[PDB]
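See below for the structure under consideration.
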Amino acid sequence: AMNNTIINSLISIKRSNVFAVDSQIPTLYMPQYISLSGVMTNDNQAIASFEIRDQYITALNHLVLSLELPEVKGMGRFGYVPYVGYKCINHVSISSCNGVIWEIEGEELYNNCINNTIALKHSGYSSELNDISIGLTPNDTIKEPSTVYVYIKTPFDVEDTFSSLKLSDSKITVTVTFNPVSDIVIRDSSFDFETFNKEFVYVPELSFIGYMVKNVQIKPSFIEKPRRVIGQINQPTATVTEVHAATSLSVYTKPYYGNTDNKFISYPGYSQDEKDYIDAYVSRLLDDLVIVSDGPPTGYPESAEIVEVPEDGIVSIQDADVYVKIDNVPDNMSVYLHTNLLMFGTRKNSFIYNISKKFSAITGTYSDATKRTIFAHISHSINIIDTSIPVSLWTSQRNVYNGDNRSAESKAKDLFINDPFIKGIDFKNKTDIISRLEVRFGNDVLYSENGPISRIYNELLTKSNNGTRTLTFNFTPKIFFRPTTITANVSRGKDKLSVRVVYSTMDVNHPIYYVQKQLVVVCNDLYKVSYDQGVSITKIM
Amino acid sequence: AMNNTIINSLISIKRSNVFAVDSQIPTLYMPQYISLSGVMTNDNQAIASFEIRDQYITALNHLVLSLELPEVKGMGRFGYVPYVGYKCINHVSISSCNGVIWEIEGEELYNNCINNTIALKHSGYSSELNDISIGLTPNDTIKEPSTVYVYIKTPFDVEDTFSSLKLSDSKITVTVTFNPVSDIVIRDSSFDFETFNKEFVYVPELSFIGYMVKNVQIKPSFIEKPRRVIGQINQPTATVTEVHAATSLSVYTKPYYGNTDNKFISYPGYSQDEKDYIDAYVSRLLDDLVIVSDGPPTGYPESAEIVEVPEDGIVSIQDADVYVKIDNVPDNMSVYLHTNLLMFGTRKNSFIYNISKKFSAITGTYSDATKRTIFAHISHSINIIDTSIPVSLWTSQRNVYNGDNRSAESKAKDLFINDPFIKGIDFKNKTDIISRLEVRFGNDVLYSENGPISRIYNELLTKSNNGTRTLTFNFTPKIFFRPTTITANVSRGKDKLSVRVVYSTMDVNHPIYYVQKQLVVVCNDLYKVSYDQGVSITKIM
Amino acid sequence: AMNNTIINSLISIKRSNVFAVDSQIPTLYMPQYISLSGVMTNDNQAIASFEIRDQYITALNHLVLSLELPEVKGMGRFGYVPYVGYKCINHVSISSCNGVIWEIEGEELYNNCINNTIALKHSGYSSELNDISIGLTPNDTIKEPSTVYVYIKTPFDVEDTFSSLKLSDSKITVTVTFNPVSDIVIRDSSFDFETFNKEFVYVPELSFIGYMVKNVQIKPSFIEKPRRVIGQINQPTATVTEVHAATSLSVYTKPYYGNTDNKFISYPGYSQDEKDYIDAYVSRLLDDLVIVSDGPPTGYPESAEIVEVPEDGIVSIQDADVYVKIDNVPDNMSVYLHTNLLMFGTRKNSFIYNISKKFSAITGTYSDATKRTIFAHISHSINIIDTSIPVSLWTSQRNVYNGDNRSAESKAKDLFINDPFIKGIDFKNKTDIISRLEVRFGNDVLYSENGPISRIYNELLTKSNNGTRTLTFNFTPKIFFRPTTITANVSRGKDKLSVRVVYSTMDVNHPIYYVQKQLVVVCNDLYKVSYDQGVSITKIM
């Protein structure tokens with residue numbers, strides 16, 4: 001029922017038809033899902049190799065790696081890192097008889113896939129995998145066997161068949177190097193990690209979409225291979241040499257925990273919000289913070305200053321006042337507040353970082369049935385950095401105090417965490433430790449910034465939530481155009497990308513000041529793909 | 001402020017202009033939102049017919065069906081299934097004078113729209129609709145009147161005006177067949193469903209975007225019509241005949257509850273996470289699991305083994321130990337543990353499935369004001385399958401035990417659930433009951449897999465979270481190319497798609513072993529659309 | 001490993017190659033992120049001006065505005081509105097020597113960006129910014145300094161370099177007008193807003209992506225400039241004159257709070273779900289609703305009817321029964337129910353809106369340590385409208401009752417909220433106050449609807465969750481085609497868009513009946529962009 005207004009509004013010119021189109025008949029082809037088994041060899045890293053050789057496979061894309069995780073038994077606490085499938089991959093390489101066609105580091109693969117929620121979920125992200133489970137007997141099953149699937153995104157996936165890797169009758173080999181299983185496991189000290197590690201085995205299977213094409217017409221294309229460079233420990237510089245045609249440049253920082261035992265007080269498991277991290281940390285602290293006891297509590301170091309709560313409920317810790325109210329406290333028992341649970345300082349009369357001063361209100365109810373306090377509303381100022389401080393840093397040699405005044409029961413619940421893709425200096429990469437960034441191409445300054453406007457642009461343009469500081473040089477559509485690059489001038493000397501940052505200033509009495517940092521620079525170089533005598537790539541100069 | 005580096009980096013060749021384009025003048029047209037009322041007729045299913053006849057409507061797409069849900073009154077418990085608007089649709093057909101142009105089943109329509117969160121939300125997904133409400137008097141209003149909107153996605157929507165259905169001066173009729181209202185309602189036994197069902201009436205209105213086009217130039221196009229085949233009860237096979245040009249093939253399993261009363265213990269209402277299902281189930285179980293009583297609890301079957309909790313809090317149920325601690329228990333009362341609340345077994349001395357053994361720690365506080373236990377931390381191993389077991393299966397004839405030892409008050413809270421789009425054998429389609437899948441085209445094997453790598457690929461390629469095992473044959477862009485299909489060879493005999501699965505093995509002492517299953521195969525056939533003497537389609541061969 | 005079925009299925013015709021493409025070499029260019037500082041001037045609104053003048057910048061797009069929010073100190077309660085960065089912008093204008101090239105209102109900018117979660121998050125959406133913080137001393141830091149980033153989406157962003165604004169050697173000026181800081185702040189009366197407002201200063205920096213293009217070839221393009229018209233207070237009409245080529249028309253309603261003090265009882269801060277709003281409101285009400293007291297509670301107006309709860313727990317308020325059970329009540333104390341906490345009525349014996357009657361079950365436990373009630377399960381019927389009623393409306397002159405019988409402590413916790421982008425008559429724009437909508441073009445009726453099917457279509461087509469009633473006239477692809485518009489017929493008189501709504505009927509005894517409403521109509525006009533003697537636009541007629 002069109003209105004008279006509508007039928008009279010339209011009341012000559014060459015007009016493009018937007019209500020019809022001629023359907024082009026495409027190249028004749030037939031796709032097939034193909035699964036292959038690999039040969040494992042053993043740095044002694046595990047390495048899986050897959051050989052693709054079939055005259056009827058003309059092209060392929062969409063590599064998926066499946067992994068069988070085994071049943072885990074015994075006692076102790078044990079979970080998997082989130083996205084375990086991606087955290088397992090150290091390196092991936094695709095190569096033909098002519099050499100390497102494409103390759104990537106596992107962290108860069110994860111960074112490229114981090115905006116793909118479906119892929120992250122298939123990589124193994126669930127409560128059954130990522131909760132920290134407990135075994136009570138040597139026969140208790142901590143984790144049941146399960147299979148995860150890792151989508152190995154390549155440049156060959158962007159335009160479906162248009163960008164797919166053509167096999168010009170050559171053999172194609174895919175090689176997957178794995179990280180050691182310690183990287184993907186979160187465990188306490190009571191778990192028999194030596195036995196688990198001696199018995200653990202990666203079991204991979206490779207899948208891809210193959211294309212049988214009739215009368216294929218191959219043309220040369222353009223591919224981008226990421227290349228990574230890691231700076232020295234705590235140095236504010238890193239240089240990428242032999243840069244002749246780069247499409248983009250990425251910069252970020254990784255913490256280095258090699259000077260520690262890799263032990264942390266808490267970990268939220270499947271829950272991965274900042275609030276979840278903080279809630280897990282606070283839950284671990286409260287068991288030692290407020291104590292209901294018949295007499296002064298026992299089982300703490302001599303350095304512990306445990307103080308009885310007065311009738312008004314306020315315990316003053318220097319300038320800080322902590323409000324403590326516990327219901328149903330027995331008559332033969334008092335309420336005590338640990339006033340220096342964790343403390344750090346560099347001089348005997350300077351500023352002290354004291355975790356007890358971060359709490360302002362603690363309320364809960366005591367349970368006579370379970371002999372413990374069930375906490376309710378907690379008012380505190382604990383941030384993600386406190387949850388990210390390694391346990392070794394509290395008891396460092398630079399600390400003029402004891403450091404860790406927790407009970408032995410609390411110290412036995414600390415977890416080993418060797419997650420290989422941690423960015424920044426906290427688990428969420430929230431704190432921005434870069435205050436200034438300068439990028440040089442040759443001797444001349446290419447780009448400078450103070451605030452993270454390059455990260456803001458990276459996130460806006462890629463529609464990601466976990467972006468980094470990225471200089472993007474290509475804004476042209478993929479595949480159909482040759483990508484735009486910054487191009488070297490060897491005569492002028494402009495053929496390397498030097499990066500210099502200024503790190504943010506931290507308090508020398510904050511434990512986080514001593515986490516070691518490395519600067520990571522990623523450069524995407526442009527390559528040309530040719531299909532004469534097999535598959536070949538050349539670096540564009 | 002361009003840097004000298006930038007202005008000297010660019011320091012001939014035919015270059016495509018990527019900073020400008022000539023704006024093509026499109027076909028002259030004017031869109032209008034048009035709403036129509038239908039004629040209802042009454043298998044006795046309701047059927048709504050809408051006639052589109054207007055010489056000035058040249059094309060249309062984007063069908064939306066609105067439905068007025070009436071005010072629900074009375075007593076009992078009552079909610080709507082999530083996405084009630086889509087759950088209401090049994091069948092949709094679009095046809096002209098020449099015959100059916102396009103049609104789909106309601107479940108396939110839901111499957112095609114499941115990745116559209118906006119559409120699912122408009123279909124009716126809110127707490128006011130999907131919470132299980134309670135009426136206390138015969139005049140209490142359980143649900144207020146509300147309107148839902150169902151987006152009926154067709155092939156005519158993919159490329160906006162390019163793919164829109166052209167009305168070549170013909171009459172177009174849309175016919176909507178509805179499911180019976182029992183399918184979309186979740187109620188207990190105290191709700192007067194007979195009266196509600198006698199008085200309920202579907203009230204639909206149809207909307208679409210029409211296009212008045214001046215001097216339209218129509219061309220023939222290609223359309224895909226899904227076709228479904230349902231296998232026999234508990235058979236591992238299903239065949240699709242007359243397959244001459246298919247773009248894709250989908251496979252999944254549906255549970256068949258016809259051998260039951262369709263009653264379930266719990267349902268989470270608006271909350272639809274797996275954890276929400278499990279929490280609702282546990283909340284229903286705890287009211288009978290742990291009892292605070294003055295003397296041995298009364299009101300349970302003679303088969304119930306209710307045991308007093310010792311002072312240490314551990315009750316051993318065969319090999320399983322349950323820890324029970326309840327605060328504030330009165331002095332004249334004890335704490336009791338129901339040790340066989342639900343139990344299933346096939347032999348008198350074999351394995352027993354016992355829901356009481358799935359709990360390891362139960363803590364809470366008794367309330368003297370409300371005479372009930374408020375539970376706190378619960379440690380258990382309840383999975384989604386337990387929440388999906390029908391109540392009839394516990395009391396089956398094959399069970400050598402009583403089965404359901406709950407109280408009458410608990411049994412009166414069970415809910416009828418007839419949701420028509422359930423997949424798998426649980427409400428979340430999480431358990432994978434297919435262990436092996438083989439697809440044959442003619443006599444030859446087209447595809448085999450063990451793990452669900454085809455489902456992994458379906459989800460990756462369609463960016464969905466609720467994918468199925470799907471063989472996709474078309475990777476060419478829609479509309480602008482003729483779609484790629486697997487093509488029949490009638491000379492060779494290759495003209496049907498046979499499907500055979502191997503179902504996963506289950507424990508004969510698990511109640512879920514006896515849920516009946518059907519195999520569903522969906523085949524998308526390619527059709528050609530022509531515009532001579534009205535609108536016509538032909539099957540491509 | 002291709003199957004024999006696959007290799008025999010494919011066993012002439014001009015076929016388009018879908019496995020290769022010739023890579024076109026694009027225009028030579030180099031992008032750069034450029035940041036500028038502005039000149040501030042002071043309706044006395046702050047205004048930031050940025051001058052872009054550089055012969056080597058050929059084109060630009062992707063404007064980002066950063067803002068430094070200062071440290072907030074003192075006592076009282078203080079937070080920022082969600083998306084503070086967007087809420088700060090009153091107006092944005094881009095202009096060259098020829099005049100205004102493009103401009104938009106801040107509310108329309110927010111509406112265009114509301115589907116961009118990344119952009120909304122960068123605008124300032126976090127607990128640290130949006131929680132309502134408390135200062136206790138005149139030196140307590142309520143908020144730490146932080147920087148937000150506002151993505152100013154323009155038409156120049158849709159097709160990357162294709163749609164970018166060309167600077168034809170002209171100077172380009174960007175002007176940002178800011179809202180007063182009262183609009184972006186949520187505070188109580190104890191916060192020193194006069195001092196904060198005297199000292200607050202907007203500190204903006206502008207960024208954009210510039211393009212140095214070698215041998216650019218510029219062509220004329222088409223741009224759409226939104227234009228807004230606001231109807232008179234409580235009038236159901238609004239007209240847009242001089243409409244000669246419009247691509248779309250939007251309609252919605254804004255509440256007008258100028259007849260109030262802009263004070264509300266509660267606000268959920270960072271949590272922005274409807275349930276969060278309702279939970280914050282209920283949490284504020286419960287502290288006065290149920291009172292544990294030694295004797296009749298004191299500190300309430302003489303109009304307050306506070307009633308002791310009987311032993312059965314049921315207090316009847318006219319036809320409504322409230323169930324109140326509180327555990328651990330001391331022996332020298334009773335439980336009391338405030339039965340007319342908030343009440344509104346227009347006649348002394350007609351219907352009364354009473355907030356106490358909206359509660360059906362209240363349970364909790366009294367705390368002897370903190371002298372307050374910790375509530376548990378609450379059964380109520382509080383909706384978002386109750387949470388959106390302004391405090392002034394309860395104590396209106398039309399109310400024949402007192403209105404607000406809360407304690408002084410509760411009244412001191414009310415918050416000032418001047419959020420400038422509120423739609424509808426509640427904070428979530430959930431209630432639909434438009435029952436019928438008629439759009440006229442000239443004298444003839446262009447479109448009519450009752451239900452919000454135009455909003456349903458707006459949301460479906462734009463993939464948004466916060467759509468409005470929108471008539472869309474353009475369904476052609478952006479940039480590459482000249483947009484489709486409704487076109488004026490000045491001879492016939494069709495050159496204005498008149499809008500008339502019928503507002504929904506409300507109860508004259510509901511306080512929400514008296515919130516004043518304005519009708520907002522937005523019309524997107526089509527303009528042509530030319531590049532002779534700088535940058536110029538002309539209105540298409």
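Labels for the structure tokens follow display order: chains A, B, ..., residues from 1 in each chain, ligands from 1.
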* Extract the full set of strand (DSSP E) residues from range 152-300 of chain A according to DSSP on the backbone, and format it as a ChimeraX atom specification. => /A:152,165-166,172-178,185-187,204-213,221-230,237-240,245-256,263-264,290-293
* Asked: Counting only C-alpha atoms, what is within 12 Å of residue 402 in chain C, bar same-chain residues fewer than 4 positions away, as a count of residues only?
  -> 22
* To do: Give me, as number ranges by chain, the contact residues of chain A against chain C at a cut-off of 7 Å, counting only C-alpha atoms.
  => A: 3, 5-6, 9, 24-27, 30, 34, 54, 56-57, 161-162, 218-219, 325-327, 460, 463, 465, 473, 475, 479-482
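Proximity to residue 70 in chain A was assessed for A:523, A:230, A:307, A:129 counting only C-alpha atoms; the smallest distance is recorded for A:129.
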* Asked: Just how far from CA of residue 36 in chain B is CA of residue 97 in chain B, in Å to one decimal?
  -> 19.4 Å
* **alpha helix (DSSP H) call set, DSSP backbone run, range 171-396 of chain B, as a ChimeraX atom specification** => /B:193-199,274-289,384-388,391-394
* Asked: Quick one: residues within 9 Å of residue 383 in chain A, only C-alpha atoms counted, chain neighbours fewer than 6 positions away excluded, as a ChimeraX atom specification?
  -> /A:274-275,277-278
Excluding residue 516 in chain A and its own-chain neighbours fewer than 2 positions away, which residues fall within 6 Å of it when counting only C-alpha atoms? Please give them as an mmCIF file with N, CA and C atoms, in the first residue's frame.
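File written: result26.cif
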```cif
data_model
loop_
_atom_site.group_PDB
_atom_site.id
_atom_site.type_symbol
_atom_site.label_atom_id
_atom_site.label_comp_id
_atom_site.auth_asym_id
_atom_site.auth_seq_id
_atom_site.Cartn_x
_atom_site.Cartn_y
_atom_site.Cartn_z
ATOM 1 N N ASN A 234 65.331 -4.168 30.680
ATOM 2 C CA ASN A 234 65.227 -2.813 31.223
ATOM 3 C C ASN A 234 65.885 -1.765 30.334
ATOM 4 N N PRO A 255 56.714 -7.985 30.806
ATOM 5 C CA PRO A 255 57.456 -8.166 32.055
ATOM 6 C C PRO A 255 58.367 -9.377 31.969
ATOM 7 N N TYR A 256 59.492 -9.297 32.670
ATOM 8 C CA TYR A 256 60.448 -10.392 32.738
ATOM 9 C C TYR A 256 60.537 -10.859 34.183
#
```
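One finds CA of residue 244 in chain B at 8.4 Å from CA of residue 526 in chain B.
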Long-range neighbours of residue 421 in chain B as an mmCIF file with N, CA and C atoms, in the first residue's frame, 12 Å cut-off, only C-alpha atoms, 3 positions minimum in chain:
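Contents of result-v3.cif, freshly written:
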```cif
data_model
loop_
_atom_site.group_PDB
_atom_site.id
_atom_site.type_symbol
_atom_site.label_atom_id
_atom_site.label_comp_id
_atom_site.auth_asym_id
_atom_site.auth_seq_id
_atom_site.Cartn_x
_atom_site.Cartn_y
_atom_site.Cartn_z
ATOM 1 N N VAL B 81 9.043 -19.127 26.897
ATOM 2 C CA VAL B 81 10.349 -19.580 26.433
ATOM 3 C C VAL B 81 11.131 -18.374 25.922
ATOM 4 N N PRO B 82 12.452 -18.350 26.077
ATOM 5 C CA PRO B 82 13.241 -17.291 25.444
ATOM 6 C C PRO B 82 13.041 -17.314 23.937
ATOM 7 N N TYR B 83 13.057 -16.125 23.336
ATOM 8 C CA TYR B 83 12.836 -15.964 21.896
ATOM 9 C C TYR B 83 11.478 -16.531 21.488
ATOM 10 N N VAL B 84 10.456 -16.211 22.289
ATOM 11 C CA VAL B 84 9.120 -16.769 22.094
ATOM 12 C C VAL B 84 8.619 -16.495 20.682
ATOM 13 N N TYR B 86 10.198 -16.359 17.829
ATOM 14 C CA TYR B 86 10.705 -17.364 16.902
ATOM 15 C C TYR B 86 10.220 -18.759 17.255
ATOM 16 N N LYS B 87 10.057 -19.055 18.545
ATOM 17 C CA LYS B 87 9.557 -20.369 18.930
ATOM 18 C C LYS B 87 8.104 -20.592 18.520
ATOM 19 N N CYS B 88 7.360 -19.519 18.228
ATOM 20 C CA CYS B 88 5.955 -19.613 17.842
ATOM 21 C C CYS B 88 5.757 -20.063 16.401
ATOM 22 N N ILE B 89 6.752 -19.865 15.543
ATOM 23 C CA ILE B 89 6.603 -20.053 14.103
ATOM 24 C C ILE B 89 6.870 -21.509 13.749
ATOM 25 N N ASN B 90 5.844 -22.188 13.243
ATOM 26 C CA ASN B 90 6.037 -23.525 12.702
ATOM 27 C C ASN B 90 6.573 -23.483 11.272
ATOM 28 N N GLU B 105 11.268 -23.888 7.496
ATOM 29 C CA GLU B 105 10.735 -24.329 8.776
ATOM 30 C C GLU B 105 11.138 -23.357 9.879
ATOM 31 N N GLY B 106 10.316 -23.303 10.928
ATOM 32 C CA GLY B 106 10.574 -22.370 12.014
ATOM 33 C C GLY B 106 11.898 -22.621 12.711
ATOM 34 N N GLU B 107 12.265 -23.890 12.883
ATOM 35 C CA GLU B 107 13.550 -24.190 13.503
ATOM 36 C C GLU B 107 14.707 -23.747 12.618
ATOM 37 N N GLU B 108 14.587 -23.927 11.303
ATOM 38 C CA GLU B 108 15.646 -23.462 10.412
ATOM 39 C C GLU B 108 15.707 -21.940 10.375
ATOM 40 N N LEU B 109 14.554 -21.276 10.454
ATOM 41 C CA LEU B 109 14.546 -19.821 10.539
ATOM 42 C C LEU B 109 15.273 -19.347 11.790
ATOM 43 N N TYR B 110 14.968 -19.968 12.929
ATOM 44 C CA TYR B 110 15.668 -19.656 14.170
ATOM 45 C C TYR B 110 17.167 -19.913 14.048
ATOM 46 N N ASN B 111 17.555 -21.025 13.414
ATOM 47 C CA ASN B 111 18.974 -21.328 13.261
ATOM 48 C C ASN B 111 19.670 -20.291 12.389
ATOM 49 N N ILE B 114 20.047 -17.065 14.607
ATOM 50 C CA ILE B 114 20.588 -17.183 15.959
ATOM 51 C C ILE B 114 21.827 -16.322 16.180
ATOM 52 N N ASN B 179 3.039 -22.698 15.739
ATOM 53 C CA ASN B 179 3.066 -23.809 16.671
ATOM 54 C C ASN B 179 1.964 -23.643 17.714
ATOM 55 N N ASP B 183 3.855 -25.021 23.156
ATOM 56 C CA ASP B 183 5.283 -25.024 22.860
ATOM 57 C C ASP B 183 6.007 -23.819 23.449
ATOM 58 N N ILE B 184 5.336 -22.670 23.559
ATOM 59 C CA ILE B 184 6.004 -21.434 23.955
ATOM 60 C C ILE B 184 5.792 -21.089 25.419
ATOM 61 N N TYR B 252 22.524 -32.260 12.674
ATOM 62 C CA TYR B 252 22.457 -32.143 14.127
ATOM 63 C C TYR B 252 21.413 -33.128 14.645
ATOM 64 N N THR B 253 21.268 -33.175 15.966
ATOM 65 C CA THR B 253 20.385 -34.119 16.633
ATOM 66 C C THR B 253 19.425 -33.372 17.544
ATOM 67 N N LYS B 254 18.176 -33.830 17.572
ATOM 68 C CA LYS B 254 17.147 -33.313 18.455
ATOM 69 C C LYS B 254 16.695 -34.391 19.430
ATOM 70 N N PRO B 255 16.459 -34.041 20.692
ATOM 71 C CA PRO B 255 15.863 -35.005 21.619
ATOM 72 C C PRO B 255 14.374 -35.156 21.356
ATOM 73 N N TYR B 256 13.867 -36.356 21.611
ATOM 74 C CA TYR B 256 12.450 -36.651 21.462
ATOM 75 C C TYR B 256 11.895 -37.022 22.829
ATOM 76 N N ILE B 417 7.901 -28.155 29.980
ATOM 77 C CA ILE B 417 8.730 -27.463 29.000
ATOM 78 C C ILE B 417 8.613 -28.199 27.674
ATOM 79 N N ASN B 418 8.060 -27.525 26.671
ATOM 80 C CA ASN B 418 7.892 -28.089 25.338
ATOM 81 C C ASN B 418 8.587 -27.242 24.280
ATOM 82 N N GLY B 424 20.518 -31.489 20.671
ATOM 83 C CA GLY B 424 21.339 -32.369 21.482
ATOM 84 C C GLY B 424 20.551 -33.184 22.486
ATOM 85 N N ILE B 425 21.054 -33.290 23.715
ATOM 86 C CA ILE B 425 20.346 -34.004 24.773
ATOM 87 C C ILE B 425 20.349 -33.174 26.049
ATOM 88 N N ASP B 426 20.781 -31.921 25.952
ATOM 89 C CA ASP B 426 20.672 -30.980 27.055
ATOM 90 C C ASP B 426 20.167 -29.650 26.516
ATOM 91 N N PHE B 427 19.784 -28.757 27.433
ATOM 92 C CA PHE B 427 19.175 -27.494 27.032
ATOM 93 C C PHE B 427 20.157 -26.559 26.339
ATOM 94 N N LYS B 428 21.459 -26.759 26.522
ATOM 95 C CA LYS B 428 22.469 -25.881 25.949
ATOM 96 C C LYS B 428 23.165 -26.479 24.738
ATOM 97 N N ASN B 429 22.815 -27.708 24.355
ATOM 98 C CA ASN B 429 23.468 -28.409 23.250
ATOM 99 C C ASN B 429 24.981 -28.438 23.451
ATOM 100 N N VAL B 520 18.735 -34.879 12.325
ATOM 101 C CA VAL B 520 18.179 -33.868 11.431
ATOM 102 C C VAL B 520 19.234 -33.495 10.398
#
```
